[PDB]
Amino acid sequence: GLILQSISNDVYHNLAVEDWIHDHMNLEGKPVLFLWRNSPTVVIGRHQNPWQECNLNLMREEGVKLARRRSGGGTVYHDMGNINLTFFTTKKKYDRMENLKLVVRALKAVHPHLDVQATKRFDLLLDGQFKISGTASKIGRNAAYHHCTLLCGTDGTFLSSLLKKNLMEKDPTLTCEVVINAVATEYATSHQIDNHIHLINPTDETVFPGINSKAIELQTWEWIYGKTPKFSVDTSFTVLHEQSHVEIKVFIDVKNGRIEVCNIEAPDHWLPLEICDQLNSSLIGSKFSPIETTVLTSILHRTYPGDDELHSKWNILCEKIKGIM
């Protein structure tokens, strides 16, 4: 048996460790539990769409990081009140359930007869209502690791905000540290080995042969965003005018975070078509994200003299545009 914890709260590092172990240490009759809490950070499954899950703009103003993990699964929000547990083992001995049950024991060993249990969809219902735990997995040819999160003190409301109830909020002394032990304890017993948690720092590559490489990688926009499977936009929105309404059309095709086909259409009478070209064009092959509003208005504020009504109608466009970038 073996139990490791991380002093760090830098998701990317705490993630790199994950692989390391999976790409390295032999879990053959040598299972490994790894526990680790991260700073506020939104994490998406391997093949998920960042722009779909979170209010990146909101996240942005918020010191809140985004990250994409090598394991499949859906999106959960991490913070200092969120306990991550990864059960590394041989592919031969992989048992999501065994793990969830393990956690329930851990849990009850700290709140005698607490209304928590496993489900069909491998999460954990507290009181049949509030959910408090998420699942994830990753399967190699010989070994497999079942990742999983626990909600001790994370804020559901501040979370709620990033979509498109807690533990301590039930029992104050359910401090993660407490739950971290309770778990480790239970895992100790379950294989019978020094109830000792081997603390670690994720950056220290004397212990971890060349890790920060991976850590940088999982951080590259190319990887975080650039992996998002092909996805398109087929929308519209109307601006007042006058006082009819002038409609706009937007149709973008994205492939690997890069725009592949951008067709932004507006009525020539309201706004010169050779502008919507300028945009569409300076946007093809560009990365899908907010647009530098200096290059933005640069486009024309130098090109087309000074029509305040022009500039004004230009914004209202960029506006609606950036509102979905």
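Numbers and lists here come from the model and the stated rules, or from a named source; no laboratory instrument gave them. Because the Cβ atoms are built from the backbone with ideal geometry, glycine has one as well, and the counts that use them run over all protein chains shown.
Residue-by-condition table, conditions (1) in contact with a helix residue (DSSP H, G or I) (Cβ under 8 Å, 6 or more places away or on another chain); (2) part of a helix (DSSP H, G or I); (3) under 23 Å from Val11 (Cβ atoms):
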{"residue": "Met59", "(1), (2), (3)": "no, yes, yes"}
{"residue": "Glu62", "(1), (2), (3)": "no, no, yes"}
{"residue": "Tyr77", "(1), (2), (3)": "yes, no, yes"}
{"residue": "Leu85", "(1), (2), (3)": "yes, no, yes"}
{"residue": "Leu102", "(1), (2), (3)": "yes, yes, no"}
{"residue": "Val110", "(1), (2), (3)": "yes, no, no"}
{"residue": "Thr119", "(1), (2), (3)": "no, no, no"}
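Within segment 241-251, can one find any residue that is under 24 Å from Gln52 (Cα atoms), under 28 Å from the mean Cα position of the chain (by Cα) and not aromatic (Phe, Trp, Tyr)?
Yes, there is a match, as at least one residue in segment 241-251 is under 24 Å from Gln52 (Cα atoms), under 28 Å from the mean Cα position of the chain (by Cα) and not aromatic (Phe, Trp, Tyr).
Is it true that some residue in segment 246-263 is within 23 Å of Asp308 (Cα to Cα), in a helix (DSSP H, G or I), in contact with a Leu (Cβ under 8 Å, 6 or more places away or on another chain) and not polar (S, T, N, Q)?
No: segment 246-263 contains no residue that is within 23 Å of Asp308 (Cα to Cα), in a helix (DSSP H, G or I), in contact with a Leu (Cβ under 8 Å, 6 or more places away or on another chain) and not polar (S, T, N, Q).
In segment 186-219, what residues are in contact with a helix residue (DSSP H, G or I) (Cβ under 7 Å, 6 or more places away or on another chain), under 22 Å from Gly29 (Cα atoms) and surrounded by 16 or more Cβ atoms within 10 Å (Cβ to Cβ)?
Those that are in contact with a helix residue (DSSP H, G or I) (Cβ under 7 Å, 6 or more places away or on another chain), under 22 Å from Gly29 (Cα atoms) and surrounded by 16 or more Cβ atoms within 10 Å (Cβ to Cβ): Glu186, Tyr187, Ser190, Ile197, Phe208.
Got a sec? Which of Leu162, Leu58, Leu114, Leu66 is more than 21 Å from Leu2 (Cβ to Cβ) and in contact with a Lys or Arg (Cβ under 9 Å, 6 or more places away or on another chain)?
Exactly one residue qualifies, and that residue is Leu114.
If I ask for residues that are part of a loop (DSSP other than H, G, I, E, B) and either in contact with a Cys (Cβ under 8 Å, 6 or more places away or on another chain) or acidic (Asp, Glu) (or both), which ones from segment 91-100 would you list?
Within segment 91-100, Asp95 is the sole residue that qualifies.
Of all residues in segment 224-240 being hydroxyl-bearing (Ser, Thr, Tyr) and surrounded by 16 or more Cβ atoms within 10 Å (Cβ to Cβ), which is farthest from the chain's Cα centre (by Cα)?
Going through the qualifying residues, I end up with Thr228.
Filter segment 185-205 down to residues that are outside any loop (DSSP other than H, G, I, E, B) and either closer than 27 Å to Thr75 by Cβ or not hydrophobic (A, V, I, L, M, F, W, C) (or both), then give me how many there are.
Residues in segment 185-205 being outside any loop (DSSP other than H, G, I, E, B) and either closer than 27 Å to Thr75 by Cβ or not hydrophobic (A, V, I, L, M, F, W, C) (or both): 8 in total.
Among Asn256, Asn263, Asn212, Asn195, which is the only one that is more than 28 Å from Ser133 (Cβ to Cβ) and assigned by CATH to the domain that holds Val110?
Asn212
For the subset of segment 4-57 comprising residues that are of a type in the set (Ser, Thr, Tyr) and not in a helix (DSSP H, G or I), which member is nearest to the chain's Cα centre (by Cα)?
Checked segment 4-57; the qualifying residue nearest to the chain's Cα centre (by Cα) is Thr41.
Of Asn84, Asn49, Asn26, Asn55, which residue is in contact with a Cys (Cβ under 8 Å, 6 or more places away or on another chain) and of a type outside the set (A, V, I, L, M)?
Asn84
Kindly provide the set of residues from segment 123-153 that are over 19 Å from the mean Cα position of the chain (by Cα) and either assigned to a strand (DSSP E or B) or of a type outside the set (A, V, I, L, M) (or both), ordered by number.
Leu125, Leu126, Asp127, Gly128, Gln129, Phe130, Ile139, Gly140, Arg141, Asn142, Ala143, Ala144
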